[PDB]
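Protein chains in written order, with the authors' numbering: chain A, 1 to 24; chain A', 1 to 24; chain B, 1 to 27; chain B', 1 to 27. A prime marks a further copy of an entry chain.
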Ligand SMILES: [N+]
Ligand SMILES: [N+]
Ligand SMILES: [N+]
Ligand SMILES: [N+]
């Protein structure tokens with residue numbers, strides 16, 4: 001449910017932070 | 001580096017939220 | 001800019017989690 | 001309790017990300 005959708009958002013953010021690390 | 005460690009923390013939280021969903 | 005926008009999103013998720021926690025608590 | 005503790009952690013990470021964003025900006 002809701003908490004699963006939030007967990008998916010966190011995993012998407014985790015990928016963004018790793019992309020920022022490796023350039024910006 | 002730092003941002004990778006934070007991304008790992010977010011992925012660990014995502015797993016906690018999914019565990020909370022499926023019981024608590 | 002991007003890190004600041006992600007910081008806002010995480011604070012917003014924290015609010016959302018407290019609302020969920022409360023709804024469960026209340027019920 | 002647990003969701004509230006995770007909410008605090010996410011707000012703390014948001015602060016940490018703004019500090020990082022700022023350090024990069026400043027440099
Ligand atoms: N995001
Ligand atoms: N946690
Ligand atoms: N969100
Ligand atoms: N943290």
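Every residue gets a Cβ at the ideal spot worked out from N, C-alpha and C, and that includes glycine.
If we call anything under 8 Å between Cβ atoms a contact, is residue i one with residue j?
i	j	result
residue 2/B'	residue 24/A'	yes
residue 16/B	residue 13/A	no
residue 21/A'	residue 4/A	yes
Starting from the C-beta of residue i, find all residues in its chain whose C-beta is less than 8 Å away, skip the five residues before and the five after it, and write them out in chain order.
i	result
residue 18/A	none
residue 27/B'	none
Below 7 Å, is the gap between the Cβ of residue i and the nearest heavy atom of ligand 3?
i	result
residue 13/B	yes
residue 16/A'	no
Suppose the cutoff is 7 Å on Cβ atoms and the five residues either side in sequence are ignored; what does the same chain contact list for residue i look like?
i	result
residue 7/A'	none
Within 7 Å: the Cβ of residue i and any heavy atom of ligand 6?
i	result
residue 6/B	As for ligand 6, it is missing from this structure, which binds only ligand 1, ligand 2, ligand 3 and ligand 4.
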